[PDB]
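J.: My structure is below; once you've seen it, I'll send some questions.
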Amino acid sequence: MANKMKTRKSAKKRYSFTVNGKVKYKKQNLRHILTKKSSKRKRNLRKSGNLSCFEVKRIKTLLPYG
Amino acid sequence: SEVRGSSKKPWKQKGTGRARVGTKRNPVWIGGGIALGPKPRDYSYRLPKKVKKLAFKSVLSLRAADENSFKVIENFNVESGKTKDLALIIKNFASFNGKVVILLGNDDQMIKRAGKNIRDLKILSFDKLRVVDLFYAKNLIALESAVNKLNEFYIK
Amino acid sequence: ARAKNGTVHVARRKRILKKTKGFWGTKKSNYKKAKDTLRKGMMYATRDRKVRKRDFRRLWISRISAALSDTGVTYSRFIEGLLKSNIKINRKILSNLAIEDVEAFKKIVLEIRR
RNA sequence: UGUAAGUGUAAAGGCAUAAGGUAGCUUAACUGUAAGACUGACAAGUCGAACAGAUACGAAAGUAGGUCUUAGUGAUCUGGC
RNA sequence: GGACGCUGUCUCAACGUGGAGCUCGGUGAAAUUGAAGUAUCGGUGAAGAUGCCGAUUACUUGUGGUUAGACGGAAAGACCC
RNA sequence: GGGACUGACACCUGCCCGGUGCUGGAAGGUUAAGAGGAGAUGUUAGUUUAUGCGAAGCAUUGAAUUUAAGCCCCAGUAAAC
RNA sequence: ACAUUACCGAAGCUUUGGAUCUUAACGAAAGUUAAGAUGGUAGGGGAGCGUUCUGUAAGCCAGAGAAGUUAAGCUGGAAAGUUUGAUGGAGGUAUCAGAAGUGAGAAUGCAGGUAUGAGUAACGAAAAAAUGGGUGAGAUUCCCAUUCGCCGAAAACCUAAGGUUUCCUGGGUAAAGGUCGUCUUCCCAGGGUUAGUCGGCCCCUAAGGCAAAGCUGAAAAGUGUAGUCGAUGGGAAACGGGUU
RNA sequence: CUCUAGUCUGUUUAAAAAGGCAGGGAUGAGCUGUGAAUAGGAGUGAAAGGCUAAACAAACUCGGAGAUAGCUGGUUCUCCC
RNA sequence: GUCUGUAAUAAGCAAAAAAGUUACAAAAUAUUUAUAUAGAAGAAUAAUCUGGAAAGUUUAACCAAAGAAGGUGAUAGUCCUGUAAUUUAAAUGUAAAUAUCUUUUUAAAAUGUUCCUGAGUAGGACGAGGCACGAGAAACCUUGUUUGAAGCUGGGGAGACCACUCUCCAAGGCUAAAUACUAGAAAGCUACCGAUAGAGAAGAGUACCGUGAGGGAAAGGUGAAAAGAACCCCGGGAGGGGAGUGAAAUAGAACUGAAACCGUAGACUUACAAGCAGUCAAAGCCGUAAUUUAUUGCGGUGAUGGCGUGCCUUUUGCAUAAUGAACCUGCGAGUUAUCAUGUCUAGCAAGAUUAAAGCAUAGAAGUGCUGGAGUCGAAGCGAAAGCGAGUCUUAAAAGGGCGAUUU
RNA sequence: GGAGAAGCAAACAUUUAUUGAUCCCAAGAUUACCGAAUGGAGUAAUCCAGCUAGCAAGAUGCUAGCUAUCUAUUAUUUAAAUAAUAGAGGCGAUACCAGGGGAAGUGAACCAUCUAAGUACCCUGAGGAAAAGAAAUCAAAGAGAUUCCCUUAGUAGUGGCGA
């Protein structure tokens, strides 16, 4: 209790965990200038995605409890 | 940081012709501190109670497997509290010239303080057993009171 | 829990000094020079154990060539006839034969020249 | 003679069924999606049949989710509508 | 910057004097040091060799001198980045 | 009495006030806190068939008006930079 | 240069043993055979040696000789291990389990000891020594005598600032003296400093410090008057000779 | 009596800045004795980035402190894959 | 109860309780075999062997509420000091309990009327601080500069604010225990150190260094007992050679005495030679053992031949003339506490497990029960409400994302 | 408590102790001078005194006893001034506690917000503990002062929403 590992809050506010490992996240580029972007591009940016399996280990280190 | 002395740099960084140094109590230097030495720490820990219970059952079975080293004696007591009487009883039973552990079914203070002084004797109540003493005991002498109390103690 | 007892380094050093007995100068007593010279010596020992085979075979060949200088058989031709007439005797054996009992070796040569 | 011309804009790849030129009507320069892929450290980028809603043109089959294609772009946080 | 006088500054060095140096007796350091039955030349190689190759030369060991080398000693280059 | 620059003495010390400083001057342009509460917002007794509106109280707010120095501006000053 | 037949030549290959691992087969397993595969920095995995301490251990091995060092011999695939002599004169160790301040050749590492240069440079200013006698185990160096040389607005004499017994007498040569030493400012013991006039103390103030009150500051304190200290200054008084 | 131009010696020095030849001032902006005063972002400075206890482009002592180094150095028994 | 005597209440006296730990304060006593600062008593071995010496070997006992630990000529339960369980207090300190004494009540419930119930205070505005909360919609608390109320028909708080409702009563002052700490005094424990370790210091803040603040070492061991060498000999002494003491005199001012380093003696080799000094072959000579005996082995030296660019760092690459070490001996570097995750082992199992803490036992920082507060699993999806083996996206299981029924 | 003792250590002499020593515990006496140092001063361990008393008192003689400051309380027109008492001054504890002041080396791979951290240090106060403490409290549960552990929980929030 003297040394509980602290979670990385800025990472907690962006990452989420699925039941068996994968990481859910919100896609970028849908926050700002949006008139020029094509409609199908924007529609795909709206829907949430899953990260590549290469970041999952580092993310599991960043979120020691969540 | 706990060795007595000053934290002044013993001599200048460059130009003296000696090896660089920061403080006199450098762990390298003689009389200095000690890098990665021992510090006070808590060595105690508590095993799961089920594992502890299973160990007790196992050591008791292992001891009772042998007919001669394990023996059972009818209830008695040393009403005088002397040591001669108890020592006579052990030296009548015990044969393997070594550690003898007596098991009791209660807290019979007279027996306990009569046996506190025997050479290789350990008196234990049924509800305060110690696995090390049981495991290394070469003679194990139990009362039938202790046997019955052990039966309902560890059947549960 | 201090674990200091230094009956180890003296032991290493005593074994090394025992093996490095006859060396020149300070290489026989100092720990550092004795260890350096011993370690290079053992590697030399391995290399030379493999080289001794080459050295001795070369010696045997030279001895055979010398024992044949009398007759007119160059020993390349001697090995030739030796194989061709199917005599599977050895270089060491022939070299020793030419010294212990020269006439047997000479008879072998007369027999090869066929 | 047979694309050497011309394709808003550099160059390249294409363009006769024309993607070039002209005229009529018109707003698909759409909403929800998207099997399957290309390219890719990651973040991203790109193509996409087909389905529901509702249009434009056409007799219809069908085409249209901006521009012949590939450059004209900017993450997150903060704030405004 | 020039001139006079004066001179071993020089042509051009020589001799003498005092303290060291040299020998013996007494006292007795130093930086330095992987050690060492540590030659030269033409080569070779982390591109300048006591240590490698080929060849040449050289009895063993000291002392007084001399610094060409051991990229000599001394100061974790001050210049440059 | 303090500061700046020059440095006995002799003859002299020319031109430039745009730039940047310093001195003086407020007619305007601009400008903070403090006064000033147009108006807007939340709450609700009540009204409204009810929403909507919504008095008073309690709060969150804010414009037009007022306002100093400074800056812009108007001059002077070089043995001021 | 072109032909014929050879030989030499590596840790390559073959042959002769021996070790481990993987796979496959045999085998009840254990293991036995068939095949191949075992250079290696950074780096990953596995198996061991040795050291200290605790339990096992109120055990076992030691005064008939324990640990430790030392000599010879022997053994294991490596860390390493155990037998016998000599030394040593009092504590160690087998099996299993546990815990680390657990293994050193280097950090211009730290500490101690000892080499090297080397019996080499130096022995601290170009004022200078010589002989005789004496003392003594021992004399270029100490004492005395006779000569010589040096300083002489000093290298002489007397008081400060400073040191603190270094002063005198007797005794001594571990060490210290850049050599020697009977000598010394070195060591040991004892002795030695006598004030109305000298210098202080004291009565005075300068530079300056402190400072009730007053004033100002988170605190500590800072300014600051009356007062009090503060000589390098101003203030009563002695000279000559002799003596250890 | 005070300072150090020129030159030499010294340079593992007799001396952690001196010594031998000499030189400048020497009735004054002179030299010197004994006290006292000014302290670290401060003092003092006839002005050299000089001096403030042999070290000053920000003293020394203790403490934060085992400051931090993307830099340099070191990191101890064995065998098998 | 303004004065006197009457219906009508207060100031004092019977009747009880609390108190120096807050709740009023000040003590004095005796009383307590309560305790602290000295003490008292305290169990039970002889022989034999080796040896300088016995406690040890061997054979037999004996004590034990005492086999904790030291010393004694080698290793002691029974030799000594002590240890277990008991116990000494005239005097003093500290504790309780008892009364002395002290103070207080000399009463309580019963209904509405006017009064009182903490003011420059609550709060507001501005500038700051403390709340985990950095102005953010910023509550709450403290406050400097200013302004400023209500008075129970009241006021505060409930994370801007308002309403209703709910809770509490500020602007007065006190309070033991659970807690934190040990320079120290007493009694102990140790998988803590054993003289480069442990406190800097086994002899010390000393020697020494600095004007000062301050910095700061090194040096332990004769034997069981001085029994410290009578006396003689060489020598000025020192030192040594005998004689004595001792088990040992290379124990004689010091146990064991290694390596670096310095020697002496003997064996062999070396003055025609170019050697990271070693390795592989190898005659002669010396020592020793065999085979009857001059040939083999093991040993030591070694003429001569082949091969051979120290080691460690750092580098594309080092014999490198790149770095580092004079040599030897000691010391000198992935450790500890917690959390995350993986593996191994052990136990239980859709369940696993206690944390703090309490009691018993004895004094023996144990281990046995008790302790289910909590944590991780058992359901997911979505920003969330909400719905759930489904859910999100949308009207659409229409298709997808994440799930799963297969733990 | 009982037979040696003259410290930490004996030497080599000379006494003490059974008339109960040495030693240990408790009380008491003595207790030079300096130091908060306090009669004034000062270069701490030393000068200068006043008043009273005793030494033949006396000429810079000696020994004793008083004469510092601050706060509170009264004897006063608490101020000025004494007087009367009571309590403070300094040290320790290179620990703990409360209050006041309050960094920086660092991390954010710069750095200024932020961090380090209310830590180091300084200053003023106390105590055996200190501080806090008997709701104008928590917070949506119905609990009932303060303080210290276990959990909630590395959660809620917060942050150049970066560390």
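By convention in this document, the chains of the structure tokens carry letters A, B, ... by their order, each chain's residues are numbered from 1, and ligands are numbered from 1 in the order they are shown.
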Within 9 Å of segment 15-21 of chain B, counting only C-alpha atoms (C1' of nucleotides), which residues qualify if same-chain residues fewer than 6 places away don't, as a PyMOL selection string?
T.: (chain B and resi 9) or (chain E and resi 75) or (chain G and resi 108-109)
J.: Env of segment 43-58 of chain E: 12 Å cut, atoms = only C-alpha atoms (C1' of nucleotides), seq-sep filter 5 positions within chain, self excluded. Answer as a list in words.
T.: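 Surrounding residues, per the criterion: residues 36, 38, 69, 70 and 71 of chain E; 272, 273, 274, 275, 276, 277, 308, 309, 310, 315, 316, 317, 318, 319, 320, 321 and 322 of chain I.
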J.: Name the residues in contact with residue 204 of chain G at a cut-off of 12 Å, using only C-alpha atoms (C1' of nucleotides), excluding same-chain residues fewer than 4 positions from it; report them as JSON, numbers by chain.
T.: {"G": [230, 231, 233, 234, 235]}
J.: With a distance cut-off of 9 Å and only C-alpha atoms (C1' of nucleotides), select the neighbouring residues of residue 131 of chain B, excluding the residue or stretch itself and same-chain residues fewer than 4 positions from it, and output the selection as a VMD selection string.
T.: chain B and resid 55 to 56 59 to 60 135 to 136
J.: Going by DSSP on the backbone, which bits of segment 5-66 of chain A are strand (DSSP E or B)? Write them as a PyMOL selection string, please.
T.: chain A and resi 16-17+23-25+49-50
J.: Could you produce a table of the residues of chain C lying within 10 Å of chain E, with the nearest pair of atoms per residue and their separation in Å rounded to one decimal, using only C-alpha atoms (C1' of nucleotides), ordered by chain and increasing residue number, as a Markdown table?
T.:
```
| residue | atom | partner | partner_atom | distance |
| --- | --- | --- | --- | --- |
| C:24 | CA | E:37 | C1' | 9.6 |
| C:25 | CA | E:35 | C1' | 9.0 |
| C:26 | CA | E:35 | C1' | 7.6 |
| C:27 | CA | E:35 | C1' | 8.2 |
| C:32 | CA | E:34 | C1' | 8.8 |
| C:33 | CA | E:35 | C1' | 7.2 |
| C:36 | CA | E:34 | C1' | 10.0 |
```
J.: How would the residues just chosen look if you wrote them out with N, CA and C atoms as a compact mmCIF listing (two decimals), in the first residue's frame?
T.:
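Result saved to out_5.txt:
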```
# COMPACT_ATOMS: atom_id res chain seq x y z
N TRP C 24 59.72 -18.20 -16.21
CA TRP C 24 60.83 -17.27 -16.06
C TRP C 24 60.42 -16.01 -15.33
N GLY C 25 61.31 -15.53 -14.47
CA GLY C 25 61.12 -14.21 -13.89
C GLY C 25 59.95 -14.16 -12.95
N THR C 26 59.17 -13.10 -13.08
CA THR C 26 58.05 -12.85 -12.18
C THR C 26 56.81 -13.62 -12.58
N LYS C 27 56.85 -14.35 -13.68
CA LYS C 27 55.68 -15.10 -14.11
C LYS C 27 55.40 -16.30 -13.24
N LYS C 32 48.99 -12.06 -11.18
CA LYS C 32 48.50 -11.54 -12.45
C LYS C 32 49.31 -12.07 -13.62
N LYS C 33 50.64 -12.00 -13.53
CA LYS C 33 51.46 -12.49 -14.64
C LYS C 33 51.35 -14.00 -14.77
N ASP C 36 48.04 -14.80 -16.61
CA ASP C 36 48.09 -14.46 -18.03
C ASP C 36 48.92 -15.46 -18.81
```
J.: Compile a residue-level contact table for chain A against chain I at a cut-off of 12 Å, reporting for every qualifying residue the shortest atom pair and its distance in Å to one decimal, with only C-alpha atoms (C1' of nucleotides) counted, rows ordered by chain and ascending number, as a tab-separated table.
T.:
```
residue	atom	partner	partner_atom	distance
A:1	CA	I:338	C1'	6.2
A:2	CA	I:338	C1'	5.7
A:3	CA	I:338	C1'	4.9
A:4	CA	I:339	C1'	4.2
A:5	CA	I:339	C1'	4.8
A:6	CA	I:339	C1'	8.4
A:7	CA	I:340	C1'	9.8
A:13	CA	I:383	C1'	11.6
A:14	CA	I:383	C1'	11.8
A:16	CA	I:402	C1'	11.5
A:17	CA	I:402	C1'	10.3
A:18	CA	I:402	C1'	7.2
A:19	CA	I:403	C1'	7.9
A:20	CA	I:403	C1'	9.4
A:21	CA	I:402	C1'	11.3
A:22	CA	I:402	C1'	9.4
A:23	CA	I:402	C1'	10.3
A:24	CA	I:402	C1'	8.9
A:25	CA	I:401	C1'	11.6
A:26	CA	I:383	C1'	11.1
A:43	CA	I:393	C1'	11.0
A:44	CA	I:393	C1'	11.5
A:46	CA	I:393	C1'	9.8
A:47	CA	I:393	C1'	7.7
A:48	CA	I:401	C1'	7.7
A:49	CA	I:401	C1'	7.5
A:50	CA	I:401	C1'	8.8
A:57	CA	I:341	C1'	10.1
A:58	CA	I:341	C1'	11.6
A:60	CA	I:341	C1'	8.6
A:61	CA	I:340	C1'	7.4
A:62	CA	I:340	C1'	9.5
A:63	CA	I:340	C1'	8.8
A:64	CA	I:340	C1'	5.2
A:65	CA	I:340	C1'	7.4
A:66	CA	I:340	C1'	10.7
```
J.: Hey, which of I:263, I:212, I:303, I:194 ends up closest to chain C? Count only C-alpha atoms (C1' of nucleotides).
T.: I:194
J.: Let's see if you can do this: from backbone DSSP, list all alpha helix (DSSP H) residues in chain A, as a count of residues only.
T.: 19
J.: Excluding residue 32 of chain E and residues on its chain fewer than 6 positions from it, collect all residues at most 10 Å away from it, counting only C-alpha atoms (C1' of nucleotides), and give them as a list in words.
T.: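 Listed by chain and then number, they are residues 73 of chain E; 116 and 117 of chain G; 326 of chain I.
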J.: Between atom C1' of residue 154 of chain J and atom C1' of residue 353 of chain I, measure the distance and give it in Å to one decimal.
T.: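 These atoms are spaced 21.7 Å apart.
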J.: Which residues, written as a VMD selection string, have at least one atom at most 12 Å from residue 68 of chain C, with only C-alpha atoms (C1' of nucleotides) counted and residues fewer than 5 positions away on the same chain left out?
T.: chain C and resid 61 to 63 73 to 79 94 to 95 98 102 105 to 110 112 to 113
J.: Residues within 12 Å of residue 86 of chain J, please, as a list in words. Count only C-alpha atoms (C1' of nucleotides); anything in the same chain fewer than 3 positions from it doesn't count.
T.: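 The residues that qualify are residues 71, 72 and 73 of chain J.
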J.: Give me, as a ChimeraX atom specification, the residues of chain I touching chain B, with the criterion being at most 12 Å (counting only C-alpha atoms (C1' of nucleotides)).
T.: /I:62-68,77,84-85,191-192,196-201,205,214-217,330-337,346-348,352-355,360-362,364-369
J.: Near chain B, which residues of chain G fall within 12 Å when you count only C-alpha atoms (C1' of nucleotides), and what do they look like as a PDB file with N, CA, C and O atoms (P, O5', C5', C4', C3', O3' and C1' of nucleotides), in the first residue's frame?
T.:
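Everything below was put into iface09.pdb:
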```pdb
ATOM      1  P     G G  55      20.473 -23.223  15.000  1.00  0.00           P
ATOM      2  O5'   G G  55      19.374 -24.188  14.373  1.00  0.00           O
ATOM      3  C5'   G G  55      17.995 -23.996  14.643  1.00  0.00           C
ATOM      4  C4'   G G  55      17.126 -24.862  13.765  1.00  0.00           C
ATOM      5  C3'   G G  55      17.434 -26.347  13.771  1.00  0.00           C
ATOM      6  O3'   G G  55      16.886 -27.027  14.886  1.00  0.00           O
ATOM      7  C1'   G G  55      17.178 -25.609  11.546  1.00  0.00           C
ATOM      8  P     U G  56      17.752 -28.122  15.673  1.00  0.00           P
ATOM      9  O5'   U G  56      17.850 -29.342  14.657  1.00  0.00           O
ATOM     10  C5'   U G  56      16.702 -30.101  14.313  1.00  0.00           C
ATOM     11  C4'   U G  56      16.969 -31.016  13.145  1.00  0.00           C
ATOM     12  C3'   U G  56      18.107 -32.008  13.313  1.00  0.00           C
ATOM     13  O3'   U G  56      17.727 -33.161  14.040  1.00  0.00           O
ATOM     14  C1'   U G  56      18.289 -30.943  11.212  1.00  0.00           C
ATOM     15  P     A G  57      18.824 -34.029  14.823  1.00  0.00           P
ATOM     16  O5'   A G  57      19.755 -32.943  15.513  1.00  0.00           O
ATOM     17  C5'   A G  57      20.619 -33.295  16.588  1.00  0.00           C
ATOM     18  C4'   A G  57      21.440 -32.120  17.063  1.00  0.00           C
ATOM     19  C3'   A G  57      20.725 -30.773  17.058  1.00  0.00           C
ATOM     20  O3'   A G  57      21.192 -29.988  18.152  1.00  0.00           O
ATOM     21  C1'   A G  57      22.634 -30.656  15.679  1.00  0.00           C
ATOM     22  P     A G  58      20.394 -29.976  19.542  1.00  0.00           P
ATOM     23  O5'   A G  58      21.232 -30.951  20.478  1.00  0.00           O
ATOM     24  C5'   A G  58      22.655 -30.962  20.444  1.00  0.00           C
ATOM     25  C4'   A G  58      23.245 -31.582  21.687  1.00  0.00           C
ATOM     26  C3'   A G  58      22.815 -33.018  21.972  1.00  0.00           C
ATOM     27  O3'   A G  58      23.885 -33.718  22.602  1.00  0.00           O
ATOM     28  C1'   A G  58      22.152 -31.624  23.762  1.00  0.00           C
ATOM     29  P     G G  59      24.994 -34.482  21.727  1.00  0.00           P
ATOM     30  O5'   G G  59      24.255 -34.824  20.359  1.00  0.00           O
ATOM     31  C5'   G G  59      23.570 -36.054  20.183  1.00  0.00           C
ATOM     32  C4'   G G  59      23.622 -36.513  18.749  1.00  0.00           C
ATOM     33  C3'   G G  59      24.991 -36.910  18.225  1.00  0.00           C
ATOM     34  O3'   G G  59      25.362 -38.231  18.576  1.00  0.00           O
ATOM     35  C1'   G G  59      23.964 -35.454  16.685  1.00  0.00           C
ATOM     36  P     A G  97      17.301 -30.365  -0.593  1.00  0.00           P
ATOM     37  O5'   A G  97      16.638 -29.295   0.379  1.00  0.00           O
ATOM     38  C5'   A G  97      15.291 -29.432   0.801  1.00  0.00           C
ATOM     39  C4'   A G  97      14.950 -28.473   1.914  1.00  0.00           C
ATOM     40  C3'   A G  97      15.311 -27.019   1.682  1.00  0.00           C
ATOM     41  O3'   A G  97      14.393 -26.336   0.846  1.00  0.00           O
ATOM     42  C1'   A G  97      15.990 -27.654   3.843  1.00  0.00           C
ATOM     43  P     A G  99      14.578 -19.281   0.778  1.00  0.00           P
ATOM     44  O5'   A G  99      15.468 -18.170   1.485  1.00  0.00           O
ATOM     45  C5'   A G  99      14.971 -17.433   2.590  1.00  0.00           C
ATOM     46  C4'   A G  99      16.075 -16.703   3.313  1.00  0.00           C
ATOM     47  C3'   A G  99      16.980 -15.845   2.449  1.00  0.00           C
ATOM     48  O3'   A G  99      16.419 -14.583   2.139  1.00  0.00           O
ATOM     49  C1'   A G  99      18.295 -17.158   3.897  1.00  0.00           C
ATOM     50  P     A G 100      17.117 -13.633   1.051  1.00  0.00           P
ATOM     51  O5'   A G 100      18.264 -12.904   1.873  1.00  0.00           O
ATOM     52  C5'   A G 100      19.305 -12.193   1.214  1.00  0.00           C
ATOM     53  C4'   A G 100      20.605 -12.282   1.971  1.00  0.00           C
ATOM     54  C3'   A G 100      21.746 -11.447   1.403  1.00  0.00           C
ATOM     55  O3'   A G 100      22.574 -10.990   2.471  1.00  0.00           O
ATOM     56  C1'   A G 100      22.357 -13.726   1.390  1.00  0.00           C
ATOM     57  P     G G 101      22.149  -9.713   3.344  1.00  0.00           P
ATOM     58  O5'   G G 101      23.241  -8.616   2.988  1.00  0.00           O
ATOM     59  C5'   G G 101      23.421  -8.163   1.652  1.00  0.00           C
ATOM     60  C4'   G G 101      24.880  -7.992   1.307  1.00  0.00           C
ATOM     61  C3'   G G 101      25.689  -9.281   1.242  1.00  0.00           C
ATOM     62  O3'   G G 101      26.704  -9.163   0.248  1.00  0.00           O
ATOM     63  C1'   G G 101      26.586  -7.874   2.913  1.00  0.00           C
ATOM     64  P     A G 107      42.087   0.437 -12.269  1.00  0.00           P
ATOM     65  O5'   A G 107      40.654   1.122 -12.322  1.00  0.00           O
ATOM     66  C5'   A G 107      40.099   1.553 -13.552  1.00  0.00           C
ATOM     67  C4'   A G 107      38.694   2.077 -13.384  1.00  0.00           C
ATOM     68  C3'   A G 107      38.517   3.241 -12.427  1.00  0.00           C
ATOM     69  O3'   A G 107      38.860   4.486 -13.017  1.00  0.00           O
ATOM     70  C1'   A G 107      36.834   1.621 -12.045  1.00  0.00           C
ATOM     71  P     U G 108      39.374   5.709 -12.117  1.00  0.00           P
ATOM     72  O5'   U G 108      40.926   5.422 -11.912  1.00  0.00           O
ATOM     73  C5'   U G 108      41.714   4.851 -12.941  1.00  0.00           C
ATOM     74  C4'   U G 108      43.073   5.498 -13.028  1.00  0.00           C
ATOM     75  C3'   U G 108      43.617   6.096 -11.741  1.00  0.00           C
ATOM     76  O3'   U G 108      44.193   5.130 -10.880  1.00  0.00           O
ATOM     77  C1'   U G 108      43.910   7.632 -13.509  1.00  0.00           C
ATOM     78  P     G G 109      44.169   5.336  -9.291  1.00  0.00           P
ATOM     79  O5'   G G 109      42.622   5.316  -8.923  1.00  0.00           O
ATOM     80  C5'   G G 109      41.835   4.154  -9.128  1.00  0.00           C
ATOM     81  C4'   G G 109      40.604   4.148  -8.257  1.00  0.00           C
ATOM     82  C3'   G G 109      40.854   4.116  -6.760  1.00  0.00           C
ATOM     83  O3'   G G 109      41.125   5.398  -6.216  1.00  0.00           O
ATOM     84  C1'   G G 109      39.262   2.475  -7.320  1.00  0.00           C
ATOM     85  P     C G 110      42.355   5.610  -5.210  1.00  0.00           P
ATOM     86  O5'   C G 110      41.822   5.047  -3.823  1.00  0.00           O
ATOM     87  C5'   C G 110      40.778   5.699  -3.120  1.00  0.00           C
ATOM     88  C4'   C G 110      40.371   4.926  -1.891  1.00  0.00           C
ATOM     89  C3'   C G 110      41.495   4.538  -0.951  1.00  0.00           C
ATOM     90  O3'   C G 110      41.885   5.585  -0.080  1.00  0.00           O
ATOM     91  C1'   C G 110      40.131   2.658  -1.353  1.00  0.00           C
ATOM     92  P     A G 111      43.433   5.806   0.276  1.00  0.00           P
ATOM     93  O5'   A G 111      43.771   4.621   1.280  1.00  0.00           O
ATOM     94  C5'   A G 111      43.196   4.575   2.575  1.00  0.00           C
ATOM     95  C4'   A G 111      43.522   3.284   3.286  1.00  0.00           C
ATOM     96  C3'   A G 111      44.987   2.893   3.332  1.00  0.00           C
ATOM     97  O3'   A G 111      45.715   3.572   4.339  1.00  0.00           O
ATOM     98  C1'   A G 111      43.700   1.026   2.695  1.00  0.00           C
ATOM     99  P     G G 112      47.282   3.862   4.146  1.00  0.00           P
ATOM    100  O5'   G G 112      47.975   2.472   4.485  1.00  0.00           O
ATOM    101  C5'   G G 112      47.873   1.901   5.778  1.00  0.00           C
ATOM    102  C4'   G G 112      48.321   0.460   5.792  1.00  0.00           C
ATOM    103  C3'   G G 112      49.729   0.190   5.302  1.00  0.00           C
ATOM    104  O3'   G G 112      50.721   0.452   6.279  1.00  0.00           O
ATOM    105  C1'   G G 112      48.248  -1.347   4.308  1.00  0.00           C
TER     106        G G 112
END
```
J.: Please report, as a tab-separated table, each residue of chain D lying at most 9 Å from chain A, together with the nearest pair of atoms and the separation in Å rounded to one decimal; use only C-alpha atoms (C1' of nucleotides), and order rows by chain and ascending residue number.
T.:
```
residue	atom	partner	partner_atom	distance
D:41	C1'	A:54	CA	8.5
D:42	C1'	A:55	CA	7.8
D:43	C1'	A:28	CA	8.7
D:44	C1'	A:28	CA	8.9
D:65	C1'	A:40	CA	7.2
D:75	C1'	A:29	CA	7.2
D:76	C1'	A:28	CA	8.6
```
J.: Pick out the chain C residues within 9 Å of chain G. Count only C-alpha atoms (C1' of nucleotides). Give them as a list in words.
T.: residues 1, 2, 3, 4, 5, 6, 7, 8, 9, 31, 32, 47, 50, 75, 76, 77, 79 and 80 of chain C
